[PDB]
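So the structure is just underneath, and the comments pick up after that.
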RNA sequence: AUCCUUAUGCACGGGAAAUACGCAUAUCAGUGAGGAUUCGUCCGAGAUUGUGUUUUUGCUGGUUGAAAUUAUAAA
């Protein structure tokens, strides 16, 4: 539903704000939880809805960028995905 | 606030203030009375001043009325604040790049207090630079 | 798939139960491996050790729903309640696969400073977590600034770990300033690093 | 707490103690002197005269716990056992200085009086110290803490390996 | 939560009336499985085939045999004279869905839908709950949609 | 000087005795301070004897209690000092009325009875 | 601003094992016990003496 | 004075599926137990239980 | 001595604003009329600016536009306050003009309920008996739910700690706790008052009611019991979710 | 009222059965310390709590133990078992008294 | 001995009179000021000799100060 | 002279707690503080305000490190 998508977006935004203090890892975890919540609960519905997909794309990007910002004032060309997607236990963030 | 904070009339006065606080830290606000940003800063500092009282002190400078201190910033002259201890200038590295002066408005009273606290700590240590707890890098 | 599969596996379970009854047995949860983490509720429910207590937990879904008015921090899983349903998803596979995608553990490590720690293999290690660290030093008379610094800290580790791939040509372009006294060039004031 | 004396009794023990997960299996830095169980006489005899696997029971604090504290008793045991470990014969002699001071039919130690016990303990301590001195060439003056360490643990000691020392030096400079 | 549910039961009953609610339930000794009934005939009795509720959101499914629908529409018109046909405008659709395959606001169908919702509104009091047109969503299935 | 209508006023020794009794009762929870509480006690019947303050100004706020006592046949005195009485009760604030209540199983029954007797003697 | 007496550590048979300010605490176990028990007795005796 | 989480209110049951790596250690231990002469019996039993 | 006066007046200005925020009158006595009037005007202006500003901020948030990380927080406070004001004003209005249900309506709806009940032939849920069969289990369930929240967290604040302690007590002296609960159900017609922190599901908010930890236990028990009992007796139709 | 001059004094240094307890309530426990350690390689053990699955036990649970099942050796302490406040305790006592009265 | 706060003071005179039977008045203020604060003690500090080992007794001096028991 | 009750004071001893515990040129308070209620009534002692500490005051001990270090003098 549009409303659910909006809610998801808000959640992402919420995560992004109140990040200044908060750790990269914590933020990442939060993101994962939100995205997991979205997916586990709708499942089938997301693959149809293009807006939701777009939001996910952008949300993820935003999350990545927060970490990037934290790492350096200057935005990078690009990290490797490694730091973001590598599991918590290999010292990553464990983005899903 | 106008009534809350103490304001300075001349450059000599300012210098005296900077020198004569041995124990406390000294935040001067160099700013043009009728500006938005400056006003906001003053308002913020009004709140903070009472809190930080026993460690810091806040003062105000009409930069147009007192033009002695355009040495401090090479005539950039937006509505800024500056930090002093034992008559040494105290250097508060944010993202901004202007490690000298915070030339920008912060909104979190608590945040402001924290940065002031940090600088006080630095001064006590003897340090000239101090990394702020916060980042900034938005409010240039 | 989940609902059709639930329909299937519960029928299967029923059949099994019937068979057991015919042959006078309690239903072996050893047999239900295969159709274990399937079904809604899951067949992992039926043989959970707190079954008969949770019998009385009724109006439980609605209670969960109405937590949005009681506990403040808000629930990304109000819909299911692990107990009565089960692990309604799995993502263990995902973790495994991500590693594979990034050329296996070794490849991943070769990004990180790890080899700097100078261990032969990685079997025997452990991290001290960041949250834990934060907690430990958040029993002290700490002025807010200090607390903030502490909070920040668990990056000043992460960054270091990922240093040797947050600090090269392709990641950041510009100067190559020498960190004093050392042959360690930055590629930016990555200040924590 | 199943405290274990040897370092690597943990794994197997742990495996065999999943059924009792309440129980927490602790290694130790102390080289505790329970390896001197065979230096004790009655115990040794019983060990010898077993034709089979035999779970056998002893109040290793014989007449002690009504007189002195549990901790005190254990300390005494540690002192004695340690001494025995160091040199069994000497310990035995010390125990059996007075033949009037007998060992009962159900004890493992020579039912002394309190002053007597104290004296015995002192003697044991002396034996421990003197023996140590003889062995690892050291002046008996030391520190009290050090002495305590020597008695309780006979531990590895803060023995930084040459490499470690070098590292420390580097850090310092 | 329980209290809320109980309150909504009252409202549910009102929506369904005693009779239709009863039918939906089944008998007291042997209640029904959600959406089922006993007979095809008791399903095909009142309009309100399925009904459900999840908290505040109710979901009534009505059927109508053309003539009935027409009658309802007429009634609605009588109550609320609609000359200017300000009814496909002033209505809600699922602006999520494509253009093509949402509720074709085919005037008659729209009228029917609105009529139904009016009826529903009438059924429950205001002072227990504001049931607003804004908030309702009344898909209509027909020869058209 | 103390009020005429505050009657019977105790004597010094008697007053002291009464205050001691009050103190004892306070420790044993067998006392109730305060005009209103005294009144309540009287209503109940639990009042063994009533102690008022002569130096209550305005005296009138007591001078129902005596009447009540008369109509319930509970003995009563005024002591002189409301401060003293308050102190005895265990209250820094100055008090006017207290009631030593009844309870057969008091340690201090005998003592209380003595005081009651004394109070009665005063009345006439 | 005096040092006219000194303040020692009040041992007991539950402290016993944990005090190290006074020496001999594992060194001379029964001596230590005697000291601590003795101390306790003195404390008790002192109290009783005071009462007397 | 944020206080510490009462230790014995830690999370307990319905955990994630046990890790292959983790399991392998256990297996190895059990192998050692077995291969270091049979118990005779209980070692096998223990393994089975595991 | 005008500076002092000015300072004093600053505080007055602040305090009236504060009062307004709270939703309490600024009935200051000795203040002179025109000054008072001016203050009132100022407050009104603030309200005009303030509420509107908050609304704007909310809208922006909903959009996903761009807003300062503290500004949003501020809005949420202000917004929350406004919400509170509205709700209490609503309550006040209700009080003024009686219950919005007229008696005829009540009769209609009560009657509908009663008839339904009759049709369903419903044994009413009895008071939790002094020796209830499924008492202890229910209690346990209740306590688990209460706990839930903490199972994650590693530190506790004070309120949380208190709650946990209460739960422990209930567990550990179960009988006593049960008795207490029963007593509360019987009698307690009055209660420690409930504070309403506000939520943050940004696109639409509210409301988290924080009841006193002690009452919570009783309430939890009640929740457990009624939901159980109803289920056992089929008070709720197949349709309700 | 002002904030105090931020000075950084380390005067305390205390300890003592008596004083330990108090502080034991605020110290991280040993099982919490264990938890805070996460094994390095492995997919480290999580408790899916319905309100939030997020929670990692961490290296509290022993390898072998983890492979099999849970532990009450890591339900160790009495020295931080959430006790009531003075006020709360009093209230509870009052409640109990009331209950007793009712029972009579 | 006095239990119920012995006896009051109108001007203190009464109290003094009451004490009179007990008969021991002004010594216990030359203790009470040393305790009720220690300002007198401080003054004194800004000393005290015992019959020490090897007094002689020609030797005659003994001070005290908290880093050391300074004997002259 | 023996035994007990209460309060207190001094202490042995044993516990629990410090999120508690104070202080006040304050305002009020048994001439009613604050609360109960089955509604008839009942309990009856602090409350308000301000404020000082409050993951703790005072002291001891160890290991350590820190780098922990050895008088004079004649042939």
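Methodologically, a virtual Cβ is constructed for each residue, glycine included, from the backbone with ideal geometry; neighbour enumeration extends over all protein chains shown. Bear in mind that the values in this text are calculations on the coordinates, not laboratory data.
Key figures for this structure:
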quantity: Hey, residue J:87 more than 16 Å from RNA strand L (Cβ to nearest atom) and either surrounded by fewer than 18 Cβ atoms within 10 Å (Cβ to Cβ) or under 22 Å from the mean Cα position of the chain (by Cα) (or both) or not; calculated: no
quantity: Helices (runs of 4 or more DSSP H) lying entirely in chain K (those with 3 or more residues that are more than 30 Å from residue F:89 (Cα to Cα) and under 17 Å from the mean Cα position of the chain (by Cα)); calculated: K:29-35, K:39-45
quantity: Unmet requirement for residue F:107, which otherwise passes all of (1) in contact with a helix residue (DSSP H, G or I) (Cβ under 7 Å, 6 or more places away or on another chain); (2) more than 14 Å from chain K (Cβ to nearest Cβ); (3) closer than 17 Å to residue F:28 by Cβ; (4) within 8 Å of RNA strand L (Cβ to nearest atom); calculated: (1)
quantity: Positions within the stretch E:11-40 being within 7 Å of chain I (Cβ to nearest Cβ) and surrounded by fewer than 18 Cβ atoms within 10 Å (Cβ to Cβ), in sequence order; calculated: E:18, E:28, E:31, E:32, E:33, E:34
quantity: Unmet requirement for residue A:83, which otherwise passes all of (1) surrounded by fewer than 18 Cβ atoms within 10 Å (Cβ to Cβ); (2) facing chain C (nearest Cβ under 9 Å); (3) in contact with a helix residue (DSSP H, G or I) (Cβ under 9 Å, 6 or more places away or on another chain); calculated: (1)
quantity: Selection count, the stretch B:104-127, where residues are in contact with a helix residue (DSSP H, G or I) (Cβ under 9 Å, 6 or more places away or on another chain), part of a loop (DSSP other than H, G, I, E, B) and more than 17 Å from residue C:191 (Cβ to Cβ); calculated: 5
quantity: Residue match in the stretch J:58-70 (condition: in contact with a helix residue (DSSP H, G or I) (Cβ under 9 Å, 6 or more places away or on another chain), facing chain C (nearest Cβ under 10 Å), crowded, with 20+ Cβ neighbours inside 10 Å and not in a helix (DSSP H, G or I)); calculated: yes
quantity: Search result, residues across the stretch H:3-36 that are facing chain J (nearest Cβ under 7 Å) and out of contact with any helix residue (DSSP H, G or I) (no Cβ under 8 Å at 6 or more places or on another chain); calculated: H:8, H:12, H:13, H:15, H:21
quantity: Selected residue (only one of C:164, C:154 is more than 12 Å from chain J (Cβ to nearest Cβ) and out of contact with any strand residue (DSSP E or B) (no Cβ under 8 Å at 6 or more places or on another chain)); calculated: C:164
quantity: Residues located in the stretch I:156-179, provided they are more than 8 Å from every other protein chain (Cβ to nearest Cβ), surrounded by 21 or more Cβ atoms within 10 Å (Cβ to Cβ) and within 16 Å of RNA strand L (Cβ to nearest atom); calculated: I:163
quantity: Odd one out for residue B:80, checked against (1) more than 14 Å from the chain's Cα centre (by Cα); (2) within 24 Å of residue B:124 (Cβ to Cβ); calculated: (1)
quantity: Selected residue [surrounded by fewer than 18 Cβ atoms within 10 Å (Cβ to Cβ) and within 16 Å of RNA strand L (Cβ to nearest atom)] from I:153, I:147; calculated: I:153
quantity: Any hit, the stretch H:21-38, residues being closer than 24 Å to residue C:49 by Cα and assigned to a loop (DSSP other than H, G, I, E, B); calculated: no
quantity: Residue in the stretch C:57-67 that is surrounded by fewer than 16 Cβ atoms within 10 Å (Cβ to Cβ), closer than 20 Å to residue A:38 by Cα and within 7 Å of another protein chain (Cβ to nearest Cβ) present; calculated: no
quantity: Every residue from the stretch G:15-52 that is part of a helix (DSSP H, G or I), touching a helix residue (DSSP H, G or I) at 6+ places or on another chain (Cβ under 9 Å) and within 12 Å of RNA strand L (Cβ to nearest atom); calculated: G:16, G:18, G:36, G:37
quantity: Criterion (within 13 Å of chain J (Cβ to nearest Cβ), surrounded by 14 or more Cβ atoms within 10 Å (Cβ to Cβ) and out of contact with any helix residue (DSSP H, G or I) (no Cβ under 9 Å at 6 or more places or on another chain)) met by exactly one of C:139, C:114, C:126; calculated: C:126
quantity: Failed criterion for residue D:128 (all others in (1) in contact with a helix residue (DSSP H, G or I) (Cβ under 6 Å, 6 or more places away or on another chain); (2) in a loop (DSSP other than H, G, I, E, B); (3) closer than 21 Å to residue D:29 by Cβ hold); calculated: (2)
quantity: Some residue of the stretch J:6-20 being at the interface with another protein chain (Cβ under 7 Å from one of its Cβ atoms) and in a loop (DSSP other than H, G, I, E, B); calculated: yes
quantity: Selected residue (only one of F:95, F:74 is more than 14 Å from chain K (Cβ to nearest Cβ) and more than 15 Å from RNA strand L (Cβ to nearest atom)); calculated: F:74
quantity: The listed residue being within 12 Å of RNA strand L (Cβ to nearest atom) and either away from every other protein chain (no Cβ under 14 Å) or within 14 Å of residue G:25 (Cβ to Cβ) (or both), out of D:155, D:145; calculated: D:145
quantity: Condition met for residue A:63 (under 24 Å from residue J:43 (Cα atoms) and within 8 Å of another protein chain (Cβ to nearest Cβ)); calculated: no
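Yes or no, residue by residue, for (1) surrounded by fewer than 23 Cβ atoms within 10 Å (Cβ to Cβ); (2) more than 7 Å from RNA strand L (Cβ to nearest atom); (3) more than 19 Å from residue F:114 (Cβ to Cβ):
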| position | (1), (2), (3) |
| --- | --- |
| F:28 | yes, no, no |
| F:34 | yes, no, yes |
| F:43 | yes, no, yes |
| F:64 | yes, yes, yes |
| F:82 | yes, no, yes |
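So that you can scan it fast, the table gives a plain yes or no per residue for (1) within 14 Å of chain E (Cβ to nearest Cβ); (2) part of a loop (DSSP other than H, G, I, E, B); (3) under 29 Å from the mean Cα position of the chain (by Cα):
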site: I:72; (1), (2), (3): no, no, yes
site: I:84; (1), (2), (3): no, no, yes
site: I:89; (1), (2), (3): no, no, yes
site: I:123; (1), (2), (3): yes, yes, no
site: I:129; (1), (2), (3): no, yes, no
site: I:132; (1), (2), (3): no, yes, no
site: I:142; (1), (2), (3): yes, no, yes
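This table checks each residue for (1) farther than 28 Å from residue C:86 by Cα; (2) under 15 Å from the mean Cα position of the chain (by Cα); (3) crowded, with 18+ Cβ neighbours inside 10 Å; (4) more than 8 Å from RNA strand L (Cβ to nearest atom).
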position	(1), (2), (3), (4)
J:1	yes, no, no, no
J:4	yes, no, no, no
J:14	yes, no, no, no
J:19	yes, no, no, no
J:26	yes, yes, no, no
J:35	no, yes, yes, yes
J:42	no, no, yes, yes
J:47	no, no, yes, yes
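Let's see how each residue does on (1) closer than 16 Å to residue D:14 by Cβ; (2) in contact with a strand residue (DSSP E or B) (Cβ under 7 Å, 6 or more places away or on another chain):
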residue: H:4; (1), (2): no, yes
residue: H:11; (1), (2): no, yes
residue: H:20; (1), (2): no, no
residue: H:35; (1), (2): no, no
residue: H:43; (1), (2): yes, no
residue: H:46; (1), (2): yes, no
